[PDB]
$ cat input-v3.json   # JSON, C-alpha atoms
[["chain", "number", "residue", "atom", "x", "y", "z"],
["J", 1, "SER", "CA", 69.32, 104.89, 128.14],
["J", 2, "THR", "CA", 70.29, 105.36, 124.48],
["J", 3, "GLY", "CA", 72.79, 107.34, 122.45],
["J", 4, "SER", "CA", 72.87, 108.47, 118.81],
["J", 5, "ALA", "CA", 75.87, 110.11, 117.12],
["J", 6, "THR", "CA", 76.60, 111.08, 113.55],
["J", 7, "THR", "CA", 79.70, 109.56, 111.96],
["J", 8, "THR", "CA", 81.38, 111.46, 109.10],
["J", 9, "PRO", "CA", 83.92, 110.26, 106.50],
["J", 10, "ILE", "CA", 87.36, 111.82, 107.06],
["J", 11, "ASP", "CA", 87.97, 112.29, 103.30],
["J", 12, "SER", "CA", 86.47, 111.87, 99.83],
["J", 13, "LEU", "CA", 87.33, 108.11, 99.71],
["J", 14, "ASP", "CA", 85.61, 107.12, 103.03],
["J", 15, "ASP", "CA", 89.01, 105.99, 104.30],
["J", 16, "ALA", "CA", 87.63, 106.15, 107.89],
["J", 17, "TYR", "CA", 84.78, 107.74, 109.79],
["J", 18, "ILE", "CA", 84.97, 110.06, 112.81],
["J", 19, "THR", "CA", 82.35, 110.47, 115.53],
["J", 20, "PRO", "CA", 82.42, 113.27, 118.13],
["J", 21, "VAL", "CA", 82.90, 112.06, 121.70],
["J", 22, "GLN", "CA", 82.72, 114.18, 124.86],
["J", 23, "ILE", "CA", 85.41, 113.39, 127.47],
["J", 24, "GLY", "CA", 85.79, 114.96, 130.88],
["J", 25, "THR", "CA", 84.25, 117.84, 132.79],
["J", 26, "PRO", "CA", 83.80, 120.37, 131.28],
["J", 27, "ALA", "CA", 83.49, 118.33, 128.11],
["J", 28, "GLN", "CA", 86.44, 118.06, 125.76],
["J", 29, "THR", "CA", 85.09, 116.94, 122.35],
["J", 30, "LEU", "CA", 87.40, 114.70, 120.33],
["J", 31, "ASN", "CA", 86.65, 113.10, 116.99],
["J", 32, "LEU", "CA", 87.27, 109.36, 117.35],
["J", 33, "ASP", "CA", 87.41, 106.48, 114.92],
["J", 34, "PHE", "CA", 84.90, 103.91, 116.21],
["J", 35, "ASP", "CA", 86.55, 100.56, 115.68],
["J", 36, "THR", "CA", 84.62, 97.29, 115.98],
["J", 37, "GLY", "CA", 87.96, 95.50, 115.44],
["J", 38, "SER", "CA", 89.70, 96.70, 118.61],
["J", 39, "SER", "CA", 88.91, 97.31, 122.26],
["J", 40, "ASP", "CA", 90.91, 100.36, 123.43],
["J", 41, "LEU", "CA", 89.54, 103.90, 123.77],
["J", 42, "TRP", "CA", 92.69, 105.93, 123.28],
["J", 43, "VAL", "CA", 93.23, 109.61, 122.53],
["J", 44, "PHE", "CA", 95.83, 112.13, 121.53],
["J", 45, "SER", "CA", 96.54, 114.00, 124.70],
["J", 46, "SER", "CA", 98.56, 116.61, 126.57],
["J", 47, "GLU", "CA", 100.99, 113.70, 127.19],
["J", 48, "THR", "CA", 101.52, 112.81, 123.50],
["J", 49, "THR", "CA", 105.14, 113.45, 122.31],
["J", 50, "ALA", "CA", 104.83, 116.96, 120.82],
["J", 51, "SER", "CA", 106.60, 116.01, 117.49],
["J", 52, "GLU", "CA", 103.90, 113.27, 117.03],
["J", 53, "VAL", "CA", 100.96, 115.73, 117.20],
["J", 54, "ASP", "CA", 100.06, 117.51, 113.90],
["J", 55, "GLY", "CA", 96.63, 119.18, 114.05],
["J", 56, "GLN", "CA", 94.74, 116.63, 116.24],
["J", 57, "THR", "CA", 92.58, 117.85, 119.11],
["J", 58, "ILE", "CA", 94.07, 116.59, 122.39],
["J", 59, "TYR", "CA", 92.53, 115.46, 125.68],
["J", 60, "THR", "CA", 94.07, 117.29, 128.64],
["J", 61, "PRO", "CA", 93.20, 115.33, 131.82],
["J", 62, "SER", "CA", 94.50, 118.10, 134.10],
["J", 63, "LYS", "CA", 91.62, 120.32, 132.80],
["J", 64, "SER", "CA", 88.96, 117.69, 133.68],
["J", 65, "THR", "CA", 87.55, 117.79, 137.17],
["J", 66, "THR", "CA", 86.43, 114.16, 136.79],
["J", 67, "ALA", "CA", 89.71, 112.72, 135.43],
["J", 68, "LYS", "CA", 91.64, 110.34, 137.71],
["J", 69, "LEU", "CA", 94.94, 108.62, 136.94],
["J", 70, "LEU", "CA", 94.45, 104.85, 136.81],
["J", 71, "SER", "CA", 97.63, 104.35, 138.81],
["J", 72, "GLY", "CA", 100.16, 101.95, 137.28],
["J", 73, "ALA", "CA", 98.11, 101.13, 134.23],
["J", 74, "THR", "CA", 99.72, 101.27, 130.78],
["J", 75, "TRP", "CA", 98.63, 100.25, 127.32],
["J", 76, "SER", "CA", 100.23, 99.47, 123.98],
["J", 77, "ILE", "CA", 98.49, 98.42, 120.77],
["J", 78, "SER", "CA", 99.49, 97.42, 117.25],
["J", 79, "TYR", "CA", 96.89, 97.34, 114.46],
["J", 80, "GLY", "CA", 96.56, 95.18, 111.30],
["J", 81, "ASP", "CA", 98.03, 98.05, 109.17],
["J", 82, "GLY", "CA", 101.28, 98.17, 111.23],
["J", 83, "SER", "CA", 100.26, 101.38, 113.12],
["J", 84, "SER", "CA", 100.64, 101.57, 116.90],
["J", 85, "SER", "CA", 100.23, 103.72, 119.99],
["J", 86, "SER", "CA", 100.90, 103.48, 123.71],
["J", 87, "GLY", "CA", 100.61, 105.40, 126.93],
["J", 88, "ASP", "CA", 99.03, 105.57, 130.35],
["J", 89, "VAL", "CA", 95.40, 105.61, 131.50],
["J", 90, "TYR", "CA", 92.87, 107.92, 133.15],
["J", 91, "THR", "CA", 89.31, 107.20, 134.12],
["J", 92, "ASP", "CA", 86.85, 109.94, 133.16],
["J", 93, "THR", "CA", 83.27, 110.56, 132.07],
["J", 94, "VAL", "CA", 82.74, 109.80, 128.36],
["J", 95, "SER", "CA", 79.56, 110.60, 126.42],
["J", 96, "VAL", "CA", 78.62, 109.52, 122.91],
["J", 97, "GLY", "CA", 75.50, 110.96, 121.34],
["J", 98, "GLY", "CA", 73.93, 111.76, 124.75],
["J", 99, "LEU", "CA", 74.84, 108.38, 126.36],
["J", 100, "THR", "CA", 77.19, 108.88, 129.32],
["J", 101, "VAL", "CA", 79.54, 106.39, 130.99],
["J", 102, "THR", "CA", 81.29, 107.33, 134.21],
["J", 103, "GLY", "CA", 84.58, 105.77, 135.07],
["J", 104, "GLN", "CA", 85.52, 104.93, 131.47],
["J", 105, "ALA", "CA", 89.17, 104.06, 130.85],
["J", 106, "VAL", "CA", 90.57, 106.79, 128.59],
["J", 107, "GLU", "CA", 93.95, 105.63, 127.35],
["J", 108, "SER", "CA", 96.18, 108.71, 126.96],
["J", 109, "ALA", "CA", 98.79, 108.34, 124.19],
["J", 110, "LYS", "CA", 102.38, 109.13, 125.01],
["J", 111, "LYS", "CA", 103.51, 107.80, 121.60],
["J", 112, "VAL", "CA", 101.71, 107.28, 118.27],
["J", 113, "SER", "CA", 103.07, 105.90, 114.99],
["J", 114, "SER", "CA", 103.51, 108.04, 111.88],
["J", 115, "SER", "CA", 100.14, 107.07, 110.26],
["J", 116, "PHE", "CA", 98.32, 108.55, 113.31],
["J", 117, "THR", "CA", 100.40, 111.74, 113.35],
["J", 118, "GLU", "CA", 99.84, 112.18, 109.58],
["J", 119, "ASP", "CA", 96.02, 111.92, 109.93],
["J", 120, "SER", "CA", 95.03, 115.28, 111.52],
["J", 121, "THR", "CA", 91.30, 114.37, 111.37],
["J", 122, "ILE", "CA", 91.45, 111.39, 113.82],
["J", 123, "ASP", "CA", 91.91, 112.33, 117.53],
["J", 124, "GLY", "CA", 91.93, 108.67, 118.65],
["J", 125, "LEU", "CA", 90.05, 105.40, 118.55],
["J", 126, "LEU", "CA", 86.99, 104.09, 120.39],
["J", 127, "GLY", "CA", 87.18, 100.29, 120.40],
["J", 128, "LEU", "CA", 83.94, 98.29, 120.15],
["J", 129, "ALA", "CA", 85.23, 94.73, 119.87],
["J", 130, "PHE", "CA", 85.07, 92.50, 123.00],
["J", 131, "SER", "CA", 86.85, 93.74, 126.14],
["J", 132, "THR", "CA", 89.05, 90.54, 126.15],
["J", 133, "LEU", "CA", 91.19, 92.39, 123.49],
["J", 134, "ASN", "CA", 91.73, 95.53, 125.62],
["J", 135, "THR", "CA", 95.49, 96.09, 126.05],
["J", 136, "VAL", "CA", 95.54, 97.84, 129.46],
["J", 137, "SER", "CA", 97.94, 96.21, 131.90],
["J", 138, "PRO", "CA", 97.99, 95.02, 134.58],
["J", 139, "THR", "CA", 94.18, 95.40, 134.89],
["J", 140, "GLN", "CA", 92.33, 94.95, 131.61],
["J", 141, "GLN", "CA", 89.67, 97.62, 131.00],
["J", 142, "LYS", "CA", 86.16, 97.51, 129.54],
["J", 143, "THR", "CA", 85.02, 99.12, 126.30],
["J", 144, "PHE", "CA", 82.60, 102.04, 126.28],
["J", 145, "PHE", "CA", 79.90, 99.58, 125.06],
["J", 146, "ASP", "CA", 80.62, 97.05, 127.79],
["J", 147, "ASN", "CA", 80.45, 99.80, 130.48],
["J", 148, "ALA", "CA", 77.22, 101.26, 128.98],
["J", 149, "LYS", "CA", 75.50, 97.90, 128.37],
["J", 150, "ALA", "CA", 73.63, 97.46, 131.67],
["J", 151, "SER", "CA", 72.20, 101.06, 131.34],
["J", 152, "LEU", "CA", 71.05, 100.64, 127.70],
["J", 153, "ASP", "CA", 67.44, 100.02, 126.78],
["J", 154, "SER", "CA", 68.72, 97.00, 124.69],
["J", 155, "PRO", "CA", 72.32, 95.66, 124.80],
["J", 156, "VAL", "CA", 73.06, 96.63, 121.18],
["J", 157, "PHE", "CA", 74.76, 99.21, 119.02],
["J", 158, "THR", "CA", 74.24, 99.75, 115.30],
["J", 159, "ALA", "CA", 76.55, 100.98, 112.56],
["J", 160, "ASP", "CA", 74.98, 102.81, 109.64],
["J", 161, "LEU", "CA", 77.94, 104.05, 107.60],
["J", 162, "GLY", "CA", 77.42, 106.35, 104.63],
["J", 163, "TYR", "CA", 78.83, 106.09, 101.12],
["J", 164, "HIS", "CA", 80.53, 109.47, 100.65],
["J", 165, "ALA", "CA", 78.06, 110.79, 103.25],
["J", 166, "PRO", "CA", 77.57, 110.93, 107.02],
["J", 167, "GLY", "CA", 75.94, 108.03, 108.87],
["J", 168, "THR", "CA", 75.03, 107.08, 112.40],
["J", 169, "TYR", "CA", 76.14, 105.00, 115.36],
["J", 170, "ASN", "CA", 73.27, 104.25, 117.74],
["J", 171, "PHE", "CA", 73.54, 102.66, 121.19],
["J", 172, "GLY", "CA", 70.74, 100.85, 122.99],
["J", 173, "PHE", "CA", 68.09, 100.76, 120.25],
["J", 174, "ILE", "CA", 67.46, 99.68, 116.66],
["J", 175, "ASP", "CA", 66.12, 102.51, 114.41],
["J", 176, "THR", "CA", 63.52, 100.65, 112.33],
["J", 177, "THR", "CA", 63.41, 103.69, 109.92],
["J", 178, "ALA", "CA", 67.13, 103.29, 109.04],
["J", 179, "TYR", "CA", 66.85, 100.09, 106.95],
["J", 180, "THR", "CA", 64.61, 98.34, 104.41],
["J", 181, "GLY", "CA", 63.20, 94.86, 104.68],
["J", 182, "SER", "CA", 64.16, 92.73, 107.69],
["J", 183, "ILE", "CA", 67.35, 92.26, 109.69],
["J", 184, "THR", "CA", 69.04, 88.85, 109.27],
["J", 185, "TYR", "CA", 70.93, 87.81, 112.39],
["J", 186, "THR", "CA", 73.90, 85.44, 112.28],
["J", 187, "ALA", "CA", 76.00, 83.76, 114.95],
["J", 188, "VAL", "CA", 79.13, 85.35, 116.40],
["J", 189, "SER", "CA", 82.22, 83.67, 117.81],
["J", 190, "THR", "CA", 83.96, 85.75, 120.49],
["J", 191, "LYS", "CA", 86.92, 83.29, 120.67],
["J", 192, "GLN", "CA", 89.37, 85.80, 119.06],
["J", 193, "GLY", "CA", 87.73, 88.88, 120.71],
["J", 194, "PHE", "CA", 86.14, 90.08, 117.43],
["J", 195, "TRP", "CA", 82.68, 90.28, 115.98],
["J", 196, "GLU", "CA", 83.52, 87.10, 114.00],
["J", 197, "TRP", "CA", 80.83, 85.51, 111.85],
["J", 198, "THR", "CA", 80.48, 83.29, 108.80],
["J", 199, "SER", "CA", 79.13, 84.62, 105.48],
["J", 200, "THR", "CA", 77.25, 82.10, 103.40],
["J", 201, "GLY", "CA", 78.81, 83.03, 100.06],
["J", 202, "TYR", "CA", 79.18, 85.62, 97.36],
["J", 203, "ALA", "CA", 78.32, 86.70, 93.86],
["J", 204, "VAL", "CA", 80.17, 88.94, 91.41],
["J", 205, "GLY", "CA", 77.94, 91.37, 89.49],
["J", 206, "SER", "CA", 74.93, 89.64, 88.01],
["J", 207, "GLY", "CA", 76.71, 86.23, 88.33],
["J", 208, "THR", "CA", 75.37, 83.19, 90.16],
["J", 209, "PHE", "CA", 75.68, 83.06, 93.92],
["J", 210, "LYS", "CA", 78.45, 80.74, 95.15],
["J", 211, "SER", "CA", 77.46, 79.03, 98.43],
["J", 212, "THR", "CA", 80.65, 78.85, 100.51],
["J", 213, "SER", "CA", 81.39, 79.59, 104.18],
["J", 214, "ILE", "CA", 83.63, 82.65, 104.68],
["J", 215, "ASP", "CA", 84.61, 83.29, 108.31],
["J", 216, "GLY", "CA", 85.53, 86.91, 108.94],
["J", 217, "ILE", "CA", 85.14, 89.90, 111.24],
["J", 218, "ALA", "CA", 82.86, 92.94, 111.08],
["J", 219, "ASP", "CA", 85.48, 95.74, 111.44],
["J", 220, "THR", "CA", 84.42, 99.39, 111.13],
["J", 221, "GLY", "CA", 88.04, 100.38, 111.65],
["J", 222, "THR", "CA", 89.23, 98.72, 108.45],
["J", 223, "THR", "CA", 88.56, 100.59, 105.16],
["J", 224, "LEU", "CA", 88.43, 97.73, 102.65],
["J", 225, "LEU", "CA", 86.92, 94.25, 102.22],
["J", 226, "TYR", "CA", 89.58, 91.56, 102.61],
["J", 227, "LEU", "CA", 88.51, 88.09, 101.42],
["J", 228, "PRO", "CA", 90.12, 84.82, 100.36],
["J", 229, "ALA", "CA", 92.35, 85.01, 97.27],
["J", 230, "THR", "CA", 89.97, 82.72, 95.30],
["J", 231, "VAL", "CA", 87.00, 85.08, 95.86],
["J", 232, "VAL", "CA", 89.06, 88.22, 95.17],
["J", 233, "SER", "CA", 90.51, 86.75, 91.91],
["J", 234, "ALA", "CA", 86.97, 85.83, 90.78],
["J", 235, "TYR", "CA", 85.85, 89.45, 91.37],
["J", 236, "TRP", "CA", 88.74, 91.21, 89.61],
["J", 237, "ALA", "CA", 88.68, 88.73, 86.64],
["J", 238, "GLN", "CA", 85.41, 90.56, 85.70],
["J", 239, "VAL", "CA", 87.21, 93.91, 85.32],
["J", 240, "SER", "CA", 89.18, 94.43, 82.06],
["J", 241, "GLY", "CA", 92.77, 95.32, 82.83],
["J", 242, "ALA", "CA", 92.59, 94.61, 86.62],
["J", 243, "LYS", "CA", 95.64, 92.97, 88.11],
["J", 244, "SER", "CA", 97.36, 92.37, 91.41],
["J", 245, "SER", "CA", 100.40, 94.72, 91.72],
["J", 246, "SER", "CA", 103.09, 93.72, 94.25],
["J", 247, "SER", "CA", 104.58, 97.26, 93.76],
["J", 248, "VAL", "CA", 101.29, 98.99, 94.77],
["J", 249, "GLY", "CA", 100.29, 96.30, 97.32],
["J", 250, "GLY", "CA", 97.06, 94.88, 95.91],
["J", 251, "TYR", "CA", 94.64, 94.80, 93.05],
["J", 252, "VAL", "CA", 94.49, 97.85, 90.81],
["J", 253, "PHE", "CA", 92.26, 98.52, 87.85],
["J", 254, "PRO", "CA", 91.93, 101.05, 85.05],
["J", 255, "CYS", "CA", 90.29, 104.23, 86.32],
["J", 256, "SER", "CA", 88.19, 104.09, 83.07],
["J", 257, "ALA", "CA", 86.48, 100.88, 84.30],
["J", 258, "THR", "CA", 82.93, 100.44, 85.50],
["J", 259, "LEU", "CA", 83.16, 98.02, 88.45],
["J", 260, "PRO", "CA", 80.67, 95.21, 89.04],
["J", 261, "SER", "CA", 78.81, 94.88, 92.30],
["J", 262, "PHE", "CA", 79.78, 92.32, 94.93],
["J", 263, "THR", "CA", 77.14, 90.41, 96.90],
["J", 264, "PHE", "CA", 77.83, 88.64, 100.21],
["J", 265, "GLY", "CA", 75.52, 86.21, 102.03],
["J", 266, "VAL", "CA", 74.17, 86.60, 105.55],
["J", 267, "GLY", "CA", 72.24, 83.40, 106.14],
["J", 268, "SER", "CA", 69.72, 83.21, 103.28],
["J", 269, "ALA", "CA", 69.87, 87.01, 102.86],
["J", 270, "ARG", "CA", 72.14, 88.98, 100.51],
["J", 271, "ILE", "CA", 73.89, 92.34, 100.87],
["J", 272, "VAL", "CA", 74.86, 93.98, 97.59],
["J", 273, "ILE", "CA", 77.92, 96.29, 97.53],
["J", 274, "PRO", "CA", 77.52, 98.58, 94.50],
["J", 275, "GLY", "CA", 80.52, 98.66, 92.16],
["J", 276, "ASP", "CA", 81.22, 102.34, 92.92],
["J", 277, "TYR", "CA", 81.83, 101.46, 96.63],
["J", 278, "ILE", "CA", 84.79, 99.30, 95.42],
["J", 279, "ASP", "CA", 86.57, 102.25, 93.67],
["J", 280, "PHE", "CA", 89.23, 103.80, 95.89],
["J", 281, "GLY", "CA", 90.52, 106.11, 93.15],
["J", 282, "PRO", "CA", 93.95, 106.79, 91.70],
["J", 283, "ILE", "CA", 96.90, 105.00, 93.35],
["J", 284, "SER", "CA", 98.75, 108.33, 93.28],
["J", 285, "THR", "CA", 97.50, 111.73, 92.43],
["J", 286, "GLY", "CA", 96.67, 111.95, 88.67],
["J", 287, "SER", "CA", 97.32, 108.22, 87.96],
["J", 288, "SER", "CA", 95.00, 106.31, 85.63],
["J", 289, "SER", "CA", 95.52, 103.21, 87.83],
["J", 290, "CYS", "CA", 92.91, 102.99, 90.57],
["J", 291, "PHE", "CA", 93.04, 101.01, 93.82],
["J", 292, "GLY", "CA", 90.48, 98.30, 94.42],
["J", 293, "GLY", "CA", 88.28, 98.11, 97.47],
["J", 294, "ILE", "CA", 88.22, 94.30, 97.56],
["J", 295, "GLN", "CA", 91.65, 92.86, 98.38],
["J", 296, "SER", "CA", 93.07, 89.47, 99.36],
["J", 297, "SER", "CA", 93.21, 88.51, 103.03],
["J", 298, "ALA", "CA", 95.95, 85.89, 102.28],
["J", 299, "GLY", "CA", 98.73, 87.92, 104.05],
["J", 300, "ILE", "CA", 96.44, 88.84, 107.11],
["J", 301, "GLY", "CA", 95.30, 85.49, 108.63],
["J", 302, "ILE", "CA", 91.62, 86.64, 108.80],
["J", 303, "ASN", "CA", 88.93, 87.85, 106.43],
["J", 304, "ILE", "CA", 87.76, 91.38, 107.20],
["J", 305, "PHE", "CA", 84.36, 92.83, 106.38],
["J", 306, "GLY", "CA", 85.56, 96.43, 106.57],
["J", 307, "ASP", "CA", 83.79, 99.68, 105.71],
["J", 308, "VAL", "CA", 83.39, 98.77, 101.94],
["J", 309, "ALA", "CA", 81.07, 95.93, 103.02],
["J", 310, "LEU", "CA", 79.56, 97.41, 106.19],
["J", 311, "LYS", "CA", 78.48, 100.71, 104.63],
["J", 312, "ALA", "CA", 76.27, 98.72, 102.20],
["J", 313, "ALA", "CA", 74.21, 97.59, 105.21],
["J", 314, "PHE", "CA", 72.55, 98.55, 108.44],
["J", 315, "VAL", "CA", 74.56, 96.49, 110.93],
["J", 316, "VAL", "CA", 73.43, 95.43, 114.43],
["J", 317, "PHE", "CA", 76.08, 94.49, 116.92],
["J", 318, "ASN", "CA", 73.98, 92.51, 119.46],
["J", 319, "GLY", "CA", 75.89, 92.30, 122.81],
["J", 320, "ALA", "CA", 73.27, 90.09, 124.51],
["J", 321, "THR", "CA", 74.57, 87.16, 126.62],
["J", 322, "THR", "CA", 74.85, 85.22, 123.31],
["J", 323, "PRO", "CA", 76.16, 87.91, 120.90],
["J", 324, "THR", "CA", 74.98, 88.01, 117.32],
["J", 325, "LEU", "CA", 75.38, 90.27, 114.25],
["J", 326, "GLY", "CA", 72.45, 91.53, 112.18],
["J", 327, "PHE", "CA", 72.52, 92.85, 108.63],
["J", 328, "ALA", "CA", 69.79, 94.67, 106.74],
["J", 329, "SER", "CA", 69.74, 96.36, 103.35],
["J", 330, "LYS", "CA", 69.13, 100.12, 103.37]]
$ encode --input "input-v3.json" --output "structure tokens"
Amino acid sequence: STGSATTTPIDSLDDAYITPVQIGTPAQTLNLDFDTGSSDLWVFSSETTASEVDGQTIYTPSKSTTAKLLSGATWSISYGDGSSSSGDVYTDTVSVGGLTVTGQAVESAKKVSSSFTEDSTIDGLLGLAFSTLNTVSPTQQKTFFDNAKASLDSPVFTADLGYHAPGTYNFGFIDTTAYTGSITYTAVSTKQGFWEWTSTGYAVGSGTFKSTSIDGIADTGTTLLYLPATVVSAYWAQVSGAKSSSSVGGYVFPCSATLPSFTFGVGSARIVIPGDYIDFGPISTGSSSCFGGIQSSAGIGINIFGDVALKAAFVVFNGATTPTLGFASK
């Protein structure tokens, strides 16, 4: 089997991407944030505290003939940005882009934090990191990918995120029309439950490539590129007037600037992030200070290749017995 779904930016900054997912029978279509940095499939639901719902589409298990309570199971998750959600669990039929899984754990939110309530465009998350990070207790649950894997033509999914444009998530095949050149595969550590890999270095603009190992995760659920303070200082030093603002919470730059590109290494290959991908626009409406898309990881504890990096590439998440990541230009 295979699946193919379009993923669409939620706003003009590509802050996140939503992908339609069918849940239940008859289908209830919810727009989920596919997150290669977490492992829970959770949704706004008929159980979500009513004051915490503001325009999201909800899953109503009582209207699904295939929903079953997963008796006793609860979940609770906290993300890198300080957001959180929790609830109980149903199993149901879930389809993405024509690929159907029966018996998928659908984590029904009873509570969501303010950032979820305030984002009316995101109806929940579909985790695609390793199932060892799934938060369901007392019986940990599998991701949609892990449940689909055995049915897929190839045990892979691909992320092809757009710059200010829709893109695609494919499951079970690699669309050889979707990228240029060849795919460079690199080793993955699953020790922390993430798609964790080691970049071979970086360049700023037309500068020389610095060979240096940068361990980090491929995280579609994180907007920006978070890298070591040394690398981030070297990038922003090339932008007149850029500075790190403790009041704003990261590097800012004059909105009048033209930003340099940023290159990262994948083995002997190179992925170039155009400078415009690194512009996240005014810090507040009408400001001439703009927020940078490359930020320090120093206060995180991990480097994060988020959407700023990933959308510059065609990315293969190879879930073979020995997982690997692939990157191609496009």
$ closest_residue --input "input-v3.json" --among "J:40, J:276, J:215, J:33" --to "residue 146 (chain J)" --atoms "all atoms listed in the file"
J:40
$ residues_near_point --input "input-v3.json" --point "(99.8, 117.5, 112.8)" --cutoff "6 Å" --atoms "all atoms listed in the file" --output "ChimeraX atom specification"
/J:53-55,117,120
$ atom_distance --input "input-v3.json" --atom1 "CA of residue 102 (chain J)" --atom2 "CA of residue 46 (chain J)"
21.0 Å
$ atom_distance --input "input-v3.json" --atom1 "CA of residue 316 (chain J)" --atom2 "CA of residue 232 (chain J)"
25.8 Å
$ atom_distance --input "input-v3.json" --atom1 "CA of residue 304 (chain J)" --atom2 "CA of residue 141 (chain J)"
24.7 Å
$ residues_around --input "input-v3.json" --residues "residue 306 (chain J)" --least-positions-apart "6" --cutoff "9 Å" --atoms "all atoms listed in the file" --output "PyMOL selection string"
chain J and resi 217-226
$ residues_around --input "input-v3.json" --residues "region 166-169 of chain J" --least-positions-apart "4" --cutoff "9 Å" --atoms "all atoms listed in the file" --output "ChimeraX atom specification"
/J:3-9,17,19,34,97,157-162,311
$ closest_residue --input "input-v3.json" --among "J:16, J:255, J:23, J:187" --to "residue 65 (chain J)" --atoms "all atoms listed in the file"
J:23
$ residues_near_point --input "input-v3.json" --point "(93.1, 117.7, 128.7)" --cutoff "9 Å" --atoms "all atoms listed in the file" --output "MDAnalysis selection string"
chainID J and resid 23:24 28 45:47 58:64
$ write_last_selection --input "input-v3.json" --atoms "C-alpha atoms" --output "compact mmCIF listing (two decimals), keeping the file's coordinate frame"
# COMPACT_ATOMS: atom_id res chain seq x y z
CA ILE J 23 85.41 113.39 127.47
CA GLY J 24 85.79 114.96 130.88
CA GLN J 28 86.44 118.06 125.76
CA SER J 45 96.54 114.00 124.70
CA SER J 46 98.56 116.61 126.57
CA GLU J 47 100.99 113.70 127.19
CA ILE J 58 94.07 116.59 122.39
CA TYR J 59 92.53 115.46 125.68
CA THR J 60 94.07 117.29 128.64
CA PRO J 61 93.20 115.33 131.82
CA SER J 62 94.50 118.10 134.10
CA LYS J 63 91.62 120.32 132.80
CA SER J 64 88.96 117.69 133.68
$ residues_around --input "input-v3.json" --residues "residue 106 (chain J)" --least-positions-apart "3" --cutoff "9 Å" --atoms "all atoms listed in the file" --output "JSON, numbers by chain"
{"J": [23, 40, 41, 42, 43, 88, 89, 90, 91, 92, 93, 94, 103]}
$ residues_around --input "input-v3.json" --residues "residue 153 (chain J)" --least-positions-apart "3" --cutoff "9 Å" --atoms "only C-alpha atoms" --output "ChimeraX atom specification"
/J:1-2,149-150,156,171-173
$ closest_residue --input "input-v3.json" --among "J:248, J:257, J:109, J:129" --to "residue 77 (chain J)" --atoms "all atoms listed in the file"
J:109
$ closest_residue --input "input-v3.json" --among "J:71, J:192, J:115, J:199" --to "residue 264 (chain J)" --atoms "all atoms listed in the file"
J:199
$ residues_around --input "input-v3.json" --residues "region 208-214 of chain J" --least-positions-apart "2" --cutoff "9 Å" --atoms "only C-alpha atoms" --output "list in words"
residues 197, 198, 199, 200, 201, 202, 203, 204, 205, 206, 216, 227, 228, 263, 264, 265 and 303 of chain J
$ closest_residue --input "input-v3.json" --among "J:143, J:95, J:177, J:57" --to "residue 119 (chain J)" --atoms "all atoms listed in the file"
J:57
$ closest_atom_pairs --input "input-v3.json" --of "region 165-253 of chain J" --to "region 131-139 of chain J" --cutoff "12 Å" --atoms "all atoms listed in the file" --output "tab-separated table"
residue	atom	partner	partner_atom	distance
J:190	CA	J:132	CA	9.0
J:191	CA	J:132	CA	9.3
J:192	CA	J:133	CA	8.1
J:193	CA	J:133	CA	5.7
J:194	CA	J:133	CA	8.2
J:195	CA	J:131	CA	11.5
$ closest_residue --input "input-v3.json" --among "J:111, J:142, J:330, J:164" --to "residue 44 (chain J)" --atoms "only C-alpha atoms"
J:111
